[PDB]
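Colleague: Below you will find the structure I want to go over with you.
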Amino acid sequence: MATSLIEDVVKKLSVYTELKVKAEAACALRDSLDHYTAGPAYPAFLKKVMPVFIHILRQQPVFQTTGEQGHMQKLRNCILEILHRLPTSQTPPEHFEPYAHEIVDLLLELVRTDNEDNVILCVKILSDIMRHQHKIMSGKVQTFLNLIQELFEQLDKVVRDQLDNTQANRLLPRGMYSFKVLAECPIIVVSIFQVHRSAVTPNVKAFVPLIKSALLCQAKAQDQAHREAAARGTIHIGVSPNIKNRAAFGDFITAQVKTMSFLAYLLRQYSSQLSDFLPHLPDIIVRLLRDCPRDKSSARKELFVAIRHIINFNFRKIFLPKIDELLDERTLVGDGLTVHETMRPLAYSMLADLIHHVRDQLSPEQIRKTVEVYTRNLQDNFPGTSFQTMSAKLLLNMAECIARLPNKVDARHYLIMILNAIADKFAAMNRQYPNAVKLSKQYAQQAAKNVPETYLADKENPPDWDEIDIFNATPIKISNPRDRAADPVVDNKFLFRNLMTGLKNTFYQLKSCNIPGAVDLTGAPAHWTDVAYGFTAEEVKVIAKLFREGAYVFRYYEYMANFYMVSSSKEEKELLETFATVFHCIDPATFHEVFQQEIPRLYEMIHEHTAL
Amino acid sequence: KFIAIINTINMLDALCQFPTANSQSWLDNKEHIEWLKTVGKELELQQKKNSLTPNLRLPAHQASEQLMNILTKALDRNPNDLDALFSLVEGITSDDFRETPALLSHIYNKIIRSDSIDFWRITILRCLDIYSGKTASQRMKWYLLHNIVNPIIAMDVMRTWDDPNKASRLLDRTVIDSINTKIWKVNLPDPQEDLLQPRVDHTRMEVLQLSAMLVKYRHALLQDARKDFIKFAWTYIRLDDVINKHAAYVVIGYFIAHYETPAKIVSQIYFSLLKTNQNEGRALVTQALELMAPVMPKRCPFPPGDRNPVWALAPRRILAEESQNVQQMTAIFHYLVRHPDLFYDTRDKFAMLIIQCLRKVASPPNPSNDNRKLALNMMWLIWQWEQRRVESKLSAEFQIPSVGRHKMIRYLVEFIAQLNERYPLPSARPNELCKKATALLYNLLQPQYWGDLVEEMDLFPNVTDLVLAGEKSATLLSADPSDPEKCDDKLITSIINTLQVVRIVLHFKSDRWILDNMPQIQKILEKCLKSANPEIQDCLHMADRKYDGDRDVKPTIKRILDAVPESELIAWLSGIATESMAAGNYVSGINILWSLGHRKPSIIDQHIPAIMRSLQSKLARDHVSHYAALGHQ
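Chains Z and F, in that order, are what the protein sequence lines are.
Position 160 of the first sequence, counting from 1, maps to 160 under our numbering, and the rest follow consecutively.
Position 563 of the second sequence, counting from 1, maps to 563 under our numbering, and the rest follow consecutively.
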């Protein structure tokens with residue numbers, strides 16, 4: 001306790017070695033205040049520390065970051081940290097409330113005049129103060145709203161200076177010309193709106209033009225890059241090389257995503273005030289997606305969540321013209337390694353939801369593009385199976401609408417493509433059976449061991465590998481399977497069941513797309529009236545391959561009468577019935593010419609899975 | 001022309017369908033192969049656009065696969081002709097053909113599994129030379145080249161896994177020197193400027209993976225390139241990409257574990273890792289810490305008798321600095337739990353912080369499963385610390401202040417009351433967290449352990465009242481078990497958990513306390529003793545070794561009865577049993593009478609008639625009726 005008192009008296013009588021000692025003492029008090037943050041003696045320390053801080057803060061701004069300048073910067077950092085780190089809750093024994101007007105006014109002035117590495121902390125401190133100390137500081141929200149409006153108004157001029165008109169040895173610019181504070185502002189503004197309610201109705205009208213102008217803001221270099229790319233017929237993505245300060249571009253994009261999140265938050269009930277601004281949302285969104293730097297993946301994730309929240313409000317109809325543009329994988333993802341390795345499912349799921357909701361009014365080219373993209377996605381080698389399940393479900397849902405195209409040839413071709421993709425996926429699943437079985441057994445044994453995991457060579461664990469471990473035999477682990485706790489067999493069975501469920505619906509939809517008059521049905525059994533007709537010589541191959549590959553994926557369920565439930569279970573039997581029922585809805589000639597060919601392969605397959 | 005091309009491809013594919021005929025010699029001509037590739041590229045380009053006539057889509061789609069299969073078959077002959085393989089790889093990676101499993105199924109079974117130490121070194125050197133600058137190969141080609149480089153090394157490691165210090169003749173000195181010169185020794189003046197091309201991150205990640213594998217499995221071969229490897233790893237840390245940075249951290253951790261480094265580098269890397277806050281690459285940081293921290297004492301020895309290591313204070317420093325961020329707290333707690341032995345010594349500055357942050361970690365209203373697991377894990381950590389201290393004393397040490405112990409105990413009681421799982425019981429209709437929490441609670445309250453706190457500890461009146469005496473809970477307990485609507489599973493689970501809690505706490509109480517507080521025990525247990533639900537009765541009366549996990553905690557009723565001197569409790573129980581049997585709720589009456597008789601037989605004499613009437617009227621009658629019905633069936 002004596003050390004604190006001597007440091008306090010030295011600080012009081014103050015008004016390299018001395019400044020270093022003062023820095024050490026003040027920041028050590030910051031660290032050790034946990035023993036004194038809460039207590040009945042807080043008012044004395046508060047009233048004795050506010051005057052010294054206020055008096056010191058009246059000095060001119062210091063921009064250099066070396067020597068005594070750095071010393072005093074650290075002093076201010078670990079002094080003003082006390083305001084934020086203190087227990088400023090709204091409990092009855094709060095003692096800062098009666099002595100807050102002068103200090104909050106001084107902090108607002110500091111925000112007005114301080115620099116980045118000070119104004120950011122000052123605005124955060126003001127936000128936390130207003131969050132709890134709004135009881136009697138309610139009358140000064142006018143100054144804060146005026147200041148934030150001034151910042152949003154001067155955003156345009158700072159952007160112009162930084163783009164159009166454009167470490168110790170550096171000079172720190174004024175905080176008014178920094179994008180960090182602008183990007184941090186929206187969260188503070190939202191929190192302030194949450195706290196109070198007496199200054200929300202009229203101020204939103206003034207805010208709306210500012211956010212509109214900010215969102216419409218653009219860089220001339222990137223604009224001309226996009227224009228020339230369009231002139232060439234291509235699309236330009238990434239960062240324009242003309243930008244001399246890449247960090248400035250990244251900060252601008254961060255501010256843009258923050259503003260978009262703020263707009264999405266405000267659209268909840270105040271949408272009537274932003275009605276005129278809707279048509280520019282999609283073009284701007286695609287522009288931000290193209291212009292986002294690859295490194296900043298968090299910005300892309302924020303954009304995706306914000307766009308999902310925007311979509312949920314039933315404003316999807318405006319996105320139709322850009323549906324084709326968004327499909328291009330380059331536009332949606334980019335070249336980011338982290339994005340491509342982690343966030344693809346989120347973006348593709350939101351895009352799939354958007355497409356499904358507005359599926360009614362799609363032109364044929366859009367249908368073709370979505371079919372191609374998602375059939376390609378179904379073949380992805382993602383470690384799990386949720387992504388594949390979502391892709392398959394979307395394709396199965398879109399199959400119903402694909403039958404409504406004006407031209408029957410296109411619909412038939414697209415349905416056949418879907419079936420071929422499913423058959424290829426079945427073959428891929430077939431190829432991985434031994435590896436799945438081995439991994440399941442190894443996982444069971446490892447879970448039985450119940451010992452902490454270590455990443456090093458071990459003679460007790462010989463490194464066994466096979467064909468399926470071609471690119472999965474390296475020490476690094478992007479995501480440990482232990483967290484997933486996934487069994488390959490169960491996931492494969494899940495996907496197989498989903499595909500089997502969807503196949504019948506797809507075939508039923510195909511059953512109602514025949515070209516009238518293509519074939520003659522003068523005399524035929526009534527059992528073969530509504531079945532699909534008119535298969536060429538290249539579709540019977542697809543059907544035969546589908547049957548042959550599907551019938552072999554039942555090994556995952558590992559005399560025959562089985563009167564009681566034995567060997568094969570109810571699930572397997574009903575799945576077999578469902579699979580067999582599909583081939584009751586085709587031309588009898590196709591049935592004969594397919595099974596007369598596939599019977600011997602089936603007879604060979606039965607020996608390995610007797611339940612067939 | 002497309003129809004002619006399709007027909008020609010189909011005929012050529014039909015040919016060579018029976019390779020056991022010596023008729024495949026026609027595939028060796030190179031002009032034929034080049035012309036085939038030209039026509040295939042043209043046809044694939046036409047397919048890419050919707051340019052083909054609507055009647056010729058599927059045949060061309062299949063002709064593409066046929067052509068790729070024919071090309072793979074041609075390549076199969078003369079595997080050593082790596083020029084054809086490289087040309088095909090460049091074509092595949094340049095968006096000219098469509099990939100097929102045949103290429104990989106040939107690479108495997110011809111190159112990766114080749115039974116010769118030769119033909120591996122040549123391939124490795126050629127692949128590195130293609131990678132080693134030289135341009136003329138886009139980034140995708142470099143990645144697909146590493147695809148073939150790595151498996152050969154993996155297979156070589158596999159084939160030489162034996163006791164007699166097997167050497168890697170494949171990994172000769174020349175190959176290692178080439179790797180050094182081409183990857184490690186090469187210091188990029190400004191690799192950032194090269195970032196203006198796509199897919200470079202994948203190549204960088206692949207080389208990092210190769211380096212990590214080679215270190216981890218052949219640490220005995222880098223004594224002549226330790227310095228170059230360290231410079232490489234430190235240089236690659238500067239990458240702005242998250243995954244690459246964390247991979248570099250993993251590599252440096254591997255080297256630290258498998259080699260000796262100045263303590264400054266270890267401390268700097270560890271401090272930088274701790275400050276990490278991004279949610280991306282969490283598993284990479286976990287692996288790096290698991291590789292680094294255990295060998296920290298060897299890398300950072302401390303003076304004898306000194307219990308303030310710098311690396312010990314650093315976690316405390318970050319805990320203080322970034323206490324505003326919950327994610328940092330979760331990360332540091334996850335790191336801390338895994339290694340209790342190391343921090344047993346420095347628990348002095350950690351125990352109070354853990355107790356204080358217990359509430360923050362898991363929200364009493366509605367926490368997440370991971371938060372619950374983390375809270376239970378840190379509780380078990382402090383329990384392990386206490387057990388370690390006791391065992392060391394057996395085989396003025398710091399002890400937690402009574403306030404902290406009280407806070408931990410009350411929070412644990414609330415948490416177990418609120419738990420999601422249900423305690424197993426013999427009567428359950430047709431759990432790890434509950435078992436672990438109850439076991440910890442029992443262990444802590446042992447006499448030599450904190451059990452001395454029981455005397456001054458009340459019966460948690462707030463929790464017990466709000467969970468048992470609740471009017472909604474009271475009516476649900478008095479409600480019919482048959483009706484699902486009044487069968488709220490969560491309330492039943494909470495009641496069971498609190499009943500087990502009170503059982504455990506009473507198992508340690510003092511007879512004087514029970515006698516004095518008899519009114520409170522009666523008040524709390526009156527509602528439950530009347531319950532007509534088998535699970536509640538089993539909780540109150542039954543006590544089995546199997547369900548307690550080897551814990552000798554006698555039932556509540558038996559304990560309270562044994563507390564009675566050889567009273568009011570007996571009369572109250574007799575009245576409850578009489579009213580229950582009269583009302584027709586045999587479940588409670590039978591259990592109460594069983595316990596009473598086990599205590600003192602003298603009271604069953606006046607009850608005999610009700611038992612006999614019930615047995616002759618309902619129970620035996622229905623049992624015999626059911627078995628007669630089964631015989632009839």
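Each residue gets a CB set at the ideal place from its N, CA and C atoms; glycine is no exception.
Evaluate contact between the region 593-604 of chain Z and the region 20-31 of chain F, counting only Cβ atoms and requiring at least three cross-stretch pairs below 8 Å.
Modeller: no
Colleague: Given this structure, state the Cα-to-Cα distance separating residue 1 (chain Z) from residue 32 (chain Z), to the nearest angstrom.
Modeller: Taking the first sequence and counting its residues from 1, one reaches residue 1 (chain Z) at position 1. Taking the first sequence and counting its residues from 1, one reaches residue 32 (chain Z) at position 32. About 11 Å.
Colleague: Residue 437 (chain Z) by DSSP, collapsed to three states: which one?
Modeller: The count along the first sequence starts at 1 and reaches residue 437 (chain Z) at position 437. Helix, per DSSP.
Colleague: Within 8 Å of any Cβ in chain Z, is that where the Cβ of residue 242 (chain F) sits?
Modeller: Counting from 1 along the second sequence, the entry for residue 242 (chain F) is found at position 242. For residue 242 (chain F), the answer is yes, since a Cβ of chain Z falls inside 8 Å of its Cβ.
Colleague: Compute the Euclidean distance between the alpha carbons of residue 483 (chain F) and residue 86 (chain Z), then round it to the nearest angstrom.
Modeller: Residue numbering aside, residue 483 (chain F) sits at position 483 when the second sequence is read from its first letter. Residue numbering aside, residue 86 (chain Z) sits at position 86 when the first sequence is read from its first letter. Those two C-alpha atoms are separated by around 53 Å.
Colleague: Rounded to a whole number of angstroms, what is the C-alpha to C-alpha distance between residue 333 (chain Z) and residue 339 (chain Z)?
Modeller: Translated into positions along the first sequence, residue 333 (chain Z) becomes position 333. Translated into positions along the first sequence, residue 339 (chain Z) becomes position 339. Rounded to the nearest angstrom, the two C-alpha atoms are 7 Å apart.
Colleague: Give every residue of the same chain whose Cβ lies closer than 7 Å to the Cβ of residue 444 (chain F), excluding the five residues on either side of it in the sequence, and list them in chain order.
Modeller: The residue you call residue 444 (chain F) lines up with position 444 of the second sequence. 383, 450, listed in sequence order.
Colleague: Counting pairs of beta carbons, one from the region 50-68 of chain F and one from the region 387-398 of chain Z, are three or more of them closer than 8 Å?
Modeller: Fewer than three pairs of CB atoms, one per stretch, sit closer than 8 Å, so the region 50-68 of chain F makes no contact with the region 387-398 of chain Z.
Colleague: Going by DSSP in three states, residue 119 (chain Z) sits in which element: helix, strand or coil?
Modeller: In the first sequence, counting from the first residue as 1, residue 119 (chain Z) sits at position 119. Helix, per DSSP.
Colleague: For residue 168 (chain Z), which of Z:68, Z:475, Z:407 has the nearest alpha-carbon?
Modeller: If you number the first sequence from 1, residue 168 (chain Z) lands on position 168. Comparing Cα positions, the closest option is Z:68.
Colleague: Residue 234 (chain F) versus chain Z: which residues are under 8 Å apart at the beta carbon?
Modeller: Indexing the second sequence from 1 puts residue 234 (chain F) at position 234. Result: empty, since nearest Cβ-Cβ is about 18 Å, beyond 8 Å.
Colleague: Under a Cβ-count criterion, where at least 16 other Cβ atoms within 10 Å of its own Cβ denotes burial, should residue 48 (chain Z) be classed as buried or exposed?
Modeller: The residue labelled residue 48 (chain Z) in the question sits at position 48 within the first sequence. The residue in question, residue 48 (chain Z), is exposed, as its Cβ has fewer than 16 Cβ neighbours within 10 Å.
Colleague: Give me the chain F residues within the contact set of residue 633 (chain Z), using Cβ-Cβ distance strictly less than 7 Å, ordered along the chain.
Modeller: Here chain Z has residues from 1 to 612 only, and residue 633 (chain Z) is not among them.
Colleague: Can you tell me whether residue 540 (chain F) is buried or exposed? The criterion is at least 16 other CB atoms within 10 Å of its CB, across all chains shown.
Modeller: Your numbering for residue 540 (chain F) matches position 540 in the second sequence. The residue in question, residue 540 (chain F), is buried, as its Cβ has 16 or more Cβ neighbours within 10 Å.
Colleague: List the whole-angstrom C-beta distance separating residue 203 (chain F) from residue 146 (chain F), where the pair is believed to meet the contact cut-off of C-beta under 8 Å.
Modeller: Counted from its first residue, the second sequence places residue 203 (chain F) at position 203. Counted from its first residue, the second sequence places residue 146 (chain F) at position 146. With 8 Å as the limit, residue 203 (chain F) and residue 146 (chain F) qualify as a contact, their Cβ atoms being about 7 Å apart.
Colleague: Drop a sphere of 10 angstroms on the beta-carbon of residue 398 (chain F), count the other beta-carbons inside from all chains shown, and report buried for 16 or more, exposed for fewer.
Modeller: By one-based count along the second sequence, residue 398 (chain F) stands at place 398. Counting Cβ neighbours within 10 Å, residue 398 (chain F) comes out exposed, since fewer than 16 surround it.
Colleague: Helix, strand or coil for residue 174 (chain Z), going by three-state DSSP, please let me know.
Modeller: Taking the first sequence and counting its residues from 1, one reaches residue 174 (chain Z) at position 174. It is a strand residue.
Colleague: For residue 409 (chain Z), which residues of its own chain have a beta-carbon under 7 Å away from its beta-carbon, when the five flanking residues on both sides are left out?
Modeller: Translated into positions along the first sequence, residue 409 (chain Z) becomes position 409. Residues of the same chain with a CB within less than 7 Å of the CB of residue 409 (chain Z), apart from the 5 flanking positions on each side, do not exist.
Colleague: For residue 568 (chain Z), list the residues DSSP reports as bridge partners.
Modeller: The residue given as residue 568 (chain Z) occupies position 568 in the first sequence. DSSP output for residue 568 (chain Z) lists Z:566 as bridge partner(s).
Colleague: Report buried or exposed for residue 610 (chain Z), applying the criterion of at least 16 other Cβ atoms within 10 angstroms of its Cβ.
Modeller: Looking up residue 610 (chain Z) in the first sequence gives position 610. Classification for residue 610 (chain Z): exposed.
Colleague: Apart from the five residues just before and just after residue 221 (chain Z), which ones in its own chain have a Cβ nearer than 8 Å to its Cβ?
Modeller: In the first sequence, residue 221 (chain Z) corresponds to position 221, counting from 1. Here the set comprises 163, 240, 242, 243.
Colleague: On a CA-only basis, which of Z:323, Z:36, Z:114 is nearest residue 61 (chain Z)? Give me that one, please.
Modeller: Counting from one through the first sequence, the residue named residue 61 (chain Z) turns up at place 61. Nearest C-alpha to residue 61 (chain Z): Z:114.
Colleague: For residue 450 (chain F), decide whether its Cβ has a neighbour in chain Z, counting only Cβ atoms nearer than 8 Å.
Modeller: Position 450 of the second sequence, counted from the start, is the residue given in the question as residue 450 (chain F). No - not a single Cβ of chain Z is within 8 Å of the one on residue 450 (chain F).
Colleague: Would you tell me roughly how many angstroms separate the C-alpha atoms of residue 337 (chain Z) and residue 247 (chain Z), rounded to the nearest one?
Modeller: For the purposes of this step, residue 337 (chain Z) is taken as the residue at position 337 of the first sequence. For the purposes of this step, residue 247 (chain Z) is taken as the residue at position 247 of the first sequence. Rounded to the nearest angstrom, the two C-alpha atoms are 19 Å apart.
Colleague: Do you know how far the Cα of residue 415 (chain Z) is from the Cα of residue 505 (chain Z)?
Modeller: As a position in the first sequence, residue 505 (chain Z) is number 505, starting the count at 1. As a position in the first sequence, residue 415 (chain Z) is number 415, starting the count at 1. Cα-Cα distance, rounded: 11 Å.
Colleague: Spell out whether any CB of chain F is found under 8 Å from the CB atom of residue 533 (chain Z).
Modeller: Start at 1 with the first residue of the first sequence, and residue 533 (chain Z) comes out as number 533. No, because no Cβ of chain F sits closer than 8 Å to the Cβ of residue 533 (chain Z).
Colleague: Compute the Euclidean distance between the alpha carbons of residue 345 (chain F) and residue 299 (chain F), then round it to the nearest angstrom.
Modeller: Reading the second sequence from its first residue, position 345 is the one you call residue 345 (chain F). Reading the second sequence from its first residue, position 299 is the one you call residue 299 (chain F). Answer to the nearest angstrom: the Cα atoms are 18 Å apart.
Colleague: Is the region 573-580 of chain F in contact with the region 514-524 of chain F, if contact means three or more CB pairs nearer than 8 Å?
Modeller: no
Colleague: Could one say the Cβ of residue 11 (chain Z) lies closer than 8 Å to chain F's Cβ atoms, at least one of them?
Modeller: Looking up residue 11 (chain Z) in the first sequence gives position 11. Output row for residue 11 (chain Z): interface = no.
Colleague: Helix, strand or coil: how does DSSP classify residue 560 (chain Z) here?
Modeller: As a working mapping, residue 560 (chain Z) is identified with position 560 in the first sequence. Residue 560 (chain Z) falls in the coil class under three-state DSSP.
Colleague: From the DSSP output, in three-state form, read off residue 604 (chain F) for me.
Modeller: Counted from its first residue, the second sequence places residue 604 (chain F) at position 604. Three-state result, residue 604 (chain F): coil.
Colleague: Quick one: which residues of the region 188-217 of chain F get their C-beta closer than 8 Å to a C-beta of chain Z? List them in chain order.
Modeller: 196, 198, 199, 201, 202, 205, 208, 209, 210, 212, 213, 216, 217
Colleague: Output needed in chain order: residues of the region 49-82 of chain F with a Cβ under 9 Å from some Cβ in chain Z.
Modeller: 50, 54, 55, 57, 58, 59, 61, 62
Colleague: Anyone know if the C-beta pair for residue 369 (chain Z) and residue 324 (chain Z) falls short of 8 Å?
Modeller: The count along the first sequence starts at 1 and reaches residue 369 (chain Z) at position 369. The count along the first sequence starts at 1 and reaches residue 324 (chain Z) at position 324. Cβ distance < 8 Å, so residue 369 (chain Z) and residue 324 (chain Z) count as in contact.
Colleague: Within this structure, are the beta carbons of residue 498 (chain F) and residue 464 (chain F) separated by less than 8 Å?
Modeller: Looking up residue 498 (chain F) in the second sequence gives position 498. Looking up residue 464 (chain F) in the second sequence gives position 464. Going by C-beta atoms, residue 498 (chain F) is nearer than 8 Å to residue 464 (chain F).
Colleague: Does the separation of the CB atoms of residue 403 (chain Z) and residue 513 (chain Z) fall below 8 Å?
Modeller: By one-based count along the first sequence, residue 403 (chain Z) stands at place 403. By one-based count along the first sequence, residue 513 (chain Z) stands at place 513. Yes, the pair counts as a contact, with Cβ atoms nearer than the cut-off.
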